[PDB]
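Student: Here it is, the structure in full.
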Amino acid sequence: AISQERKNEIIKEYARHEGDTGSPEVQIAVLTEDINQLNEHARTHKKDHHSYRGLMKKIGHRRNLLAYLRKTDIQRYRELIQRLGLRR
Amino acid sequence: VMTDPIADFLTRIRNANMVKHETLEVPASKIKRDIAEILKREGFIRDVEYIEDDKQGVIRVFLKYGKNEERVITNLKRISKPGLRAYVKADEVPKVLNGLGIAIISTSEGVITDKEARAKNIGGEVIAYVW
Amino acid sequence: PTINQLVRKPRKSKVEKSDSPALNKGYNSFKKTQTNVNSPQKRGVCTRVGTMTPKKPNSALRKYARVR
Amino acid sequence: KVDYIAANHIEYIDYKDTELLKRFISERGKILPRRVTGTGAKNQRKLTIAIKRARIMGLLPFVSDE
Amino acid sequence: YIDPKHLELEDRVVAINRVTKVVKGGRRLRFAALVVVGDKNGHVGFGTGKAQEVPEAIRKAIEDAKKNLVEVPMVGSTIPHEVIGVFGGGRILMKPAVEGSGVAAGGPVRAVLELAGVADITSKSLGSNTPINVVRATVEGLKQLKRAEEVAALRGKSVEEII
Amino acid sequence: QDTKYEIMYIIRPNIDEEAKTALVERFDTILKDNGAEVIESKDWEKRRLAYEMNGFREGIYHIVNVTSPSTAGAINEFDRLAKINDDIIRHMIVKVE
RNA sequence: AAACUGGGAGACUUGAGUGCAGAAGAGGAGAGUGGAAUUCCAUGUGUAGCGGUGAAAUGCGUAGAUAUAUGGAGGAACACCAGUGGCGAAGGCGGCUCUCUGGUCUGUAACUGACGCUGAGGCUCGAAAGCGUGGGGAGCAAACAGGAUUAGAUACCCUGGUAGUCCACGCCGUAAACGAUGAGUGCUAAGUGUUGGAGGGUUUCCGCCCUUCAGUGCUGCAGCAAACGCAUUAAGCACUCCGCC
């Protein structure tokens, strides 16, 4: 839902080298922006059951990528989840 | 998703054999190359050539047919499966089709035929029956 | 089934039952009635006598009794 | 039978050029099928939206007998 | 190919069947016959025919039975290896046996097996027991028997290299 | 960026030629006060209609051309004021591309 | 002992995702708006029927019906387009404009580097009928009343008619919820339609020929089936995981 300038704005600060659109940092940060905006839209339109499906699938994708990042490098994982403000 | 590449190889061979045409190609692997050599030594395949570019593969097999276009391999079966593995002891090595067929066994000293294993007196994982 | 389904929950067969079930009995003397003691016969006292008519398509008056 | 919207290379329909629209409606005002006019699948969708737009803005009759 | 019917052949009845067809009024009845045919040397055929009486039926069946015949290889009164013959709901397993053990086989399959000169073999029917389909499945399973010579010829090997 | 619209309304036929200019300028203003960059505003033609709307069988067509960011509360203001007027009869706002 | 399965240190790009450039659509939520028709109301003209059935009757009508002309009020459904067409995980979705929003397809080759598949218990959604609170109520219509028919008719047929069918918010959790065909992945003849793309040629090719992706139908081979039949959209040949007899 975020514009195409917000997206590049936030993938230019979780990159690692240049040209770095992959790298699970980028993907979970952009997914976090999406999930926040969709939560807003749901609070407003709470009987849009057909958009809630997409919300839930984004949440599944993010949790999966987090599991991957943890199982391979705990330092990057901790530093991220501090920087991004989650892990309740 | 693919979970058994050895079974996929075997079913390519059987599928292309039953429709009776004379070539076949698979993505390569160290175990499939082994059993392609074992299939070539006994007389089921005619040839095998190894191309390789930028991913694993590939392996090309050249089937073989009789004098009146009848088939030299008649079937082919995968024994050990991911989900139920089959290990055999040196006195349990099987004899497929009363010696008229072969079994393929992986041991501590190669992937070999079932004759070569009951001549060495060892056992291991059982890959396939080809009769 | 897959063999994983079988390992999670095994196979169970059917249970057979006699057709002479009043011949595995137990006393009613001191406490209660015990079921281990398969007999080939049992005895009793006949509390009535008489006759009855068969099913379809037979025809007779077949002699019988009731026994405790 | 050639798609007249493909005769020219016409990009937009504009629901205002009632001169172009007026050849896809019958002599009573009803929309003609994709057969009797030989147009494509998506140009037909655009044309239908066009004349439905026209009827509302009073450029075109819904029914025409009186 | 055609094994041509020019031998010494001992037939055998395997089944008969009263079969009707209801028409205007009452009922018609024929007799269907199932017959095997062989010489107890390795050539066996089956065939069936129907007529209005039992002798005429069995005759037409032997007529039919002789038109087909199979080669049935063996290696000293015992089948070369183990086969499973399947034809429409009849499944029949056959194993090589020990010298002088006999034939342990059911009704329909033992007729087929004995009229080809088989002496020592074990069988089992894991299927239905309708005589026609049992006979057809048994013959379907003999056709899979492979000689030891032919295998060595098809591959690039000799015998005593694969046995 | 922005989004482009095309507003098309139908004025009453029997008005004079100064209330007409007053109306046009009025709605240009009240478009612009909410951040709607108007970029064209014309008269089109005098036509008769295919059916009578209120009691009228003629009317004067006027079209405007306007861009704005998609969230600005401008183009709804036009609606809310146009359906309570007395000289306009219909309007159709439409995204243009 | 060291091939395979498991563990540890690495490396790779085909699976899976991301970026960049494009395409189609009754996908969903909110707010306004249009015309055709049915009902009722008001007014003018207007004379004895109208309505209904296999035939009749009940009903409405000389307090001027039906018809006919002009004006108002309200509700619900959206003719033609419209198609073995499109979209959705399913239930489902068709007048028009705007706002908010989910997914799919195609090309490319910047990027990450196996991040994948399936999923008991758990949660979410789920036609119609039904239940609760408060609105709305034109047409249709369980229950019910009256007229017929029959041996009888607590039915079918005719004249009426209440809940309900509609909106907001809660509950219910079931259907022949069906393709009576769980999901993922690879492999195995051909011919012919249509929906959305991408390449090459001739080139007004933008209308034609060829190739190639993803949907959706028809015919048909090997193979399968107890027959019916199925057949690159498998019910064929094979591996993984769940549900069930």
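All residue names refer to the structure tokens as shown: chains lettered A, B, ... in order, residues numbered from 1 in each chain, ligands numbered from 1 in order.
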Which residues are close to residue 116 (chain B), i.e. within 12 Å by only C-alpha atoms (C1' of nucleotides), leaving aside same-chain residues fewer than 2 positions away? Reply as a VMD selection string.
Tutor: chain B and resid 38 90 93 102 to 107 109 to 114 118 to 123
Student: Given the selection you just returned, output its residues as a file containing N, CA and C atoms, formatted as a short mmCIF file (atom, residue, chain, number, x, y, z; two decimals), in the first residue's frame.
Tutor:
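Written out: out18.cif:
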data_model
loop_
_atom_site.label_atom_id
_atom_site.label_comp_id
_atom_site.auth_asym_id
_atom_site.auth_seq_id
_atom_site.Cartn_x
_atom_site.Cartn_y
_atom_site.Cartn_z
N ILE B 38 26.29 -48.16 -13.90
CA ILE B 38 25.92 -49.54 -13.61
C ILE B 38 24.91 -50.05 -14.62
N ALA B 90 24.74 -58.42 5.22
CA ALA B 90 25.53 -59.10 4.21
C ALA B 90 24.93 -60.42 3.78
N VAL B 93 21.34 -59.80 1.25
CA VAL B 93 21.35 -59.19 -0.08
C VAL B 93 20.37 -59.92 -0.97
N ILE B 102 18.99 -57.43 -11.71
CA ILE B 102 20.01 -56.92 -10.82
C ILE B 102 19.40 -56.05 -9.74
N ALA B 103 20.11 -55.94 -8.62
CA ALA B 103 19.82 -55.01 -7.55
C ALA B 103 21.02 -54.08 -7.41
N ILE B 104 20.79 -52.90 -6.85
CA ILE B 104 21.82 -51.88 -6.75
C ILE B 104 21.91 -51.44 -5.30
N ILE B 105 23.10 -51.53 -4.73
CA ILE B 105 23.32 -51.41 -3.30
C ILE B 105 24.47 -50.45 -3.06
N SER B 106 24.34 -49.58 -2.07
CA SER B 106 25.40 -48.66 -1.69
C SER B 106 26.07 -49.16 -0.42
N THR B 107 27.37 -49.34 -0.47
CA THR B 107 28.15 -49.93 0.60
C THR B 107 29.26 -48.98 1.01
N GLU B 109 32.18 -49.22 0.30
CA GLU B 109 33.20 -49.18 -0.73
C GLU B 109 32.57 -49.09 -2.12
N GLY B 110 31.61 -48.19 -2.29
CA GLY B 110 31.06 -47.88 -3.59
C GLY B 110 29.56 -48.13 -3.67
N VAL B 111 29.02 -47.74 -4.82
CA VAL B 111 27.67 -48.11 -5.24
C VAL B 111 27.84 -49.21 -6.27
N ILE B 112 27.45 -50.43 -5.92
CA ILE B 112 27.83 -51.62 -6.66
C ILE B 112 26.60 -52.47 -6.92
N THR B 113 26.78 -53.48 -7.76
CA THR B 113 25.74 -54.45 -8.04
C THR B 113 25.60 -55.42 -6.88
N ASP B 114 24.54 -56.24 -6.93
CA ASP B 114 24.31 -57.19 -5.86
C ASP B 114 25.18 -58.44 -5.96
N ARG B 118 27.63 -59.65 -2.66
CA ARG B 118 27.67 -60.96 -2.03
C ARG B 118 28.94 -61.73 -2.37
N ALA B 119 29.79 -61.17 -3.22
CA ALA B 119 31.16 -61.65 -3.35
C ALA B 119 32.10 -60.99 -2.35
N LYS B 120 31.82 -59.76 -1.92
CA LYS B 120 32.60 -59.10 -0.88
C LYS B 120 32.05 -59.32 0.53
N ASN B 121 30.82 -59.81 0.67
CA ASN B 121 30.17 -60.02 1.97
C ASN B 121 30.06 -58.71 2.76
N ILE B 122 29.26 -57.79 2.23
CA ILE B 122 28.83 -56.58 2.93
C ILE B 122 27.40 -56.26 2.52
N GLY B 123 26.83 -55.24 3.15
CA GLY B 123 25.49 -54.77 2.84
C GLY B 123 25.36 -53.27 2.93
#
Student: When the cut-off is 10 Å and we count only C-alpha atoms (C1' of nucleotides), which residues of chain G are near chain C, given as a list in words?
Tutor: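 Residues satisfying the distance criterion: residues 120, 240, 241, 242 and 244 of chain G.
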Student: Would you save the residues from that selection as a PDB file, in the first residue's frame, using N, CA, C and O atoms (P, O5', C5', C4', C3', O3' and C1' of nucleotides)?
Tutor:
ATOM      1  P     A G 120      -4.223 -29.990  10.310  1.00  0.00           P
ATOM      2  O5'   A G 120      -4.114 -31.094  11.438  1.00  0.00           O
ATOM      3  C5'   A G 120      -4.736 -32.361  11.296  1.00  0.00           C
ATOM      4  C4'   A G 120      -4.661 -33.149  12.580  1.00  0.00           C
ATOM      5  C3'   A G 120      -5.279 -32.487  13.802  1.00  0.00           C
ATOM      6  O3'   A G 120      -6.684 -32.674  13.879  1.00  0.00           O
ATOM      7  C1'   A G 120      -3.128 -33.301  14.352  1.00  0.00           C
ATOM      8  P     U G 240       7.663 -41.381  -0.081  1.00  0.00           P
ATOM      9  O5'   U G 240       7.260 -39.963   0.492  1.00  0.00           O
ATOM     10  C5'   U G 240       8.258 -39.082   0.969  1.00  0.00           C
ATOM     11  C4'   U G 240       7.723 -37.706   1.251  1.00  0.00           C
ATOM     12  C3'   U G 240       6.513 -37.618   2.154  1.00  0.00           C
ATOM     13  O3'   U G 240       6.827 -37.759   3.523  1.00  0.00           O
ATOM     14  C1'   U G 240       6.233 -36.188   0.298  1.00  0.00           C
ATOM     15  P     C G 241       6.050 -38.808   4.447  1.00  0.00           P
ATOM     16  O5'   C G 241       4.945 -37.937   5.175  1.00  0.00           O
ATOM     17  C5'   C G 241       5.263 -36.652   5.664  1.00  0.00           C
ATOM     18  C4'   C G 241       4.104 -35.691   5.588  1.00  0.00           C
ATOM     19  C3'   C G 241       2.742 -36.196   5.984  1.00  0.00           C
ATOM     20  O3'   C G 241       2.563 -36.341   7.376  1.00  0.00           O
ATOM     21  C1'   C G 241       2.543 -34.880   4.055  1.00  0.00           C
ATOM     22  P     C G 242       1.459 -37.365   7.918  1.00  0.00           P
ATOM     23  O5'   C G 242       0.069 -36.648   7.690  1.00  0.00           O
ATOM     24  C5'   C G 242      -0.363 -35.597   8.532  1.00  0.00           C
ATOM     25  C4'   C G 242      -1.608 -34.937   8.001  1.00  0.00           C
ATOM     26  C3'   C G 242      -2.900 -35.708   8.157  1.00  0.00           C
ATOM     27  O3'   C G 242      -3.451 -35.642   9.461  1.00  0.00           O
ATOM     28  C1'   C G 242      -2.783 -34.806   5.985  1.00  0.00           C
ATOM     29  P     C G 244      -9.593 -38.493  10.406  1.00  0.00           P
ATOM     30  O5'   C G 244     -10.464 -39.466   9.504  1.00  0.00           O
ATOM     31  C5'   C G 244     -11.737 -39.083   9.018  1.00  0.00           C
ATOM     32  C4'   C G 244     -12.143 -39.882   7.807  1.00  0.00           C
ATOM     33  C3'   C G 244     -12.324 -41.381   7.977  1.00  0.00           C
ATOM     34  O3'   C G 244     -13.542 -41.748   8.594  1.00  0.00           O
ATOM     35  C1'   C G 244     -11.148 -40.947   5.994  1.00  0.00           C
TER      36        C G 244
END
Student: Could you write out, as a PyMOL selection string, all the residues of region 3-86 of chain F that DSSP marks as alpha helix (DSSP H)?
Tutor: chain F and resi 19-32+75-82
Student: Save the residues we just selected, C-alpha atoms, as a short mmCIF file (atom, residue, chain, number, x, y, z; two decimals), in the first residue's frame?
Tutor:
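The resulting file, out-v1.cif, is reproduced below:
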data_model
loop_
_atom_site.label_atom_id
_atom_site.label_comp_id
_atom_site.auth_asym_id
_atom_site.auth_seq_id
_atom_site.Cartn_x
_atom_site.Cartn_y
_atom_site.Cartn_z
CA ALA F 19 -25.26 35.04 -13.77
CA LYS F 20 -23.61 32.46 -16.03
CA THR F 21 -20.18 34.08 -15.64
CA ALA F 22 -20.86 34.51 -11.93
CA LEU F 23 -21.56 30.77 -11.58
CA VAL F 24 -18.51 29.71 -13.59
CA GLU F 25 -16.16 31.94 -11.61
CA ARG F 26 -17.81 30.91 -8.34
CA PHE F 27 -17.10 27.25 -8.89
CA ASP F 28 -13.58 27.90 -10.18
CA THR F 29 -12.85 29.69 -6.91
CA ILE F 30 -14.40 27.05 -4.67
CA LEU F 31 -12.44 24.39 -6.51
CA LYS F 32 -9.21 26.31 -6.02
CA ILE F 75 -13.70 17.41 -5.70
CA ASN F 76 -16.34 16.31 -3.17
CA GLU F 77 -17.01 19.96 -2.36
CA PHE F 78 -18.09 20.45 -5.97
CA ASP F 79 -20.58 17.59 -5.60
CA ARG F 80 -21.94 18.81 -2.27
CA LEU F 81 -22.52 22.31 -3.63
CA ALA F 82 -23.77 21.28 -7.07
#
Student: Could you jot down the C1' of residue 131 (chain G) to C1' of residue 171 (chain G) separation for me, Å, one decimal place?
Tutor: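 Between these atoms lies a distance of 7.2 Å.
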Student: Considering only C-alpha atoms, give me a table of residues in chain B that are at most 12 Å from chain E, with the closest atom pair and distance in Å for each, as JSON lines.
Tutor:
{"residue": "B:39", "atom": "CA", "partner": "E:155", "partner_atom": "CA", "distance": 11.1}
{"residue": "B:40", "atom": "CA", "partner": "E:156", "partner_atom": "CA", "distance": 10.3}
{"residue": "B:41", "atom": "CA", "partner": "E:156", "partner_atom": "CA", "distance": 9.3}
{"residue": "B:42", "atom": "CA", "partner": "E:155", "partner_atom": "CA", "distance": 7.3}
{"residue": "B:43", "atom": "CA", "partner": "E:155", "partner_atom": "CA", "distance": 4.7}
{"residue": "B:44", "atom": "CA", "partner": "E:155", "partner_atom": "CA", "distance": 6.7}
{"residue": "B:45", "atom": "CA", "partner": "E:155", "partner_atom": "CA", "distance": 9.2}
{"residue": "B:46", "atom": "CA", "partner": "E:156", "partner_atom": "CA", "distance": 9.8}
{"residue": "B:63", "atom": "CA", "partner": "E:155", "partner_atom": "CA", "distance": 11.9}
{"residue": "B:64", "atom": "CA", "partner": "E:155", "partner_atom": "CA", "distance": 9.0}
{"residue": "B:65", "atom": "CA", "partner": "E:154", "partner_atom": "CA", "distance": 8.1}
{"residue": "B:66", "atom": "CA", "partner": "E:154", "partner_atom": "CA", "distance": 6.0}
{"residue": "B:67", "atom": "CA", "partner": "E:154", "partner_atom": "CA", "distance": 8.1}
{"residue": "B:68", "atom": "CA", "partner": "E:154", "partner_atom": "CA", "distance": 10.6}
{"residue": "B:69", "atom": "CA", "partner": "E:154", "partner_atom": "CA", "distance": 10.7}
{"residue": "B:70", "atom": "CA", "partner": "E:154", "partner_atom": "CA", "distance": 9.1}
{"residue": "B:71", "atom": "CA", "partner": "E:154", "partner_atom": "CA", "distance": 8.5}
{"residue": "B:72", "atom": "CA", "partner": "E:154", "partner_atom": "CA", "distance": 6.2}
{"residue": "B:73", "atom": "CA", "partner": "E:155", "partner_atom": "CA", "distance": 9.5}
{"residue": "B:74", "atom": "CA", "partner": "E:144", "partner_atom": "CA", "distance": 10.1}
{"residue": "B:75", "atom": "CA", "partner": "E:144", "partner_atom": "CA", "distance": 12.0}
{"residue": "B:95", "atom": "CA", "partner": "E:163", "partner_atom": "CA", "distance": 10.0}
{"residue": "B:96", "atom": "CA", "partner": "E:81", "partner_atom": "CA", "distance": 9.7}
{"residue": "B:97", "atom": "CA", "partner": "E:81", "partner_atom": "CA", "distance": 6.1}
{"residue": "B:98", "atom": "CA", "partner": "E:81", "partner_atom": "CA", "distance": 6.2}
{"residue": "B:99", "atom": "CA", "partner": "E:163", "partner_atom": "CA", "distance": 4.9}
{"residue": "B:100", "atom": "CA", "partner": "E:163", "partner_atom": "CA", "distance": 6.1}
{"residue": "B:101", "atom": "CA", "partner": "E:162", "partner_atom": "CA", "distance": 8.2}
{"residue": "B:102", "atom": "CA", "partner": "E:162", "partner_atom": "CA", "distance": 9.1}
{"residue": "B:113", "atom": "CA", "partner": "E:162", "partner_atom": "CA", "distance": 11.9}
{"residue": "B:114", "atom": "CA", "partner": "E:162", "partner_atom": "CA", "distance": 11.6}
{"residue": "B:115", "atom": "CA", "partner": "E:162", "partner_atom": "CA", "distance": 9.5}
{"residue": "B:131", "atom": "CA", "partner": "E:151", "partner_atom": "CA", "distance": 10.1}
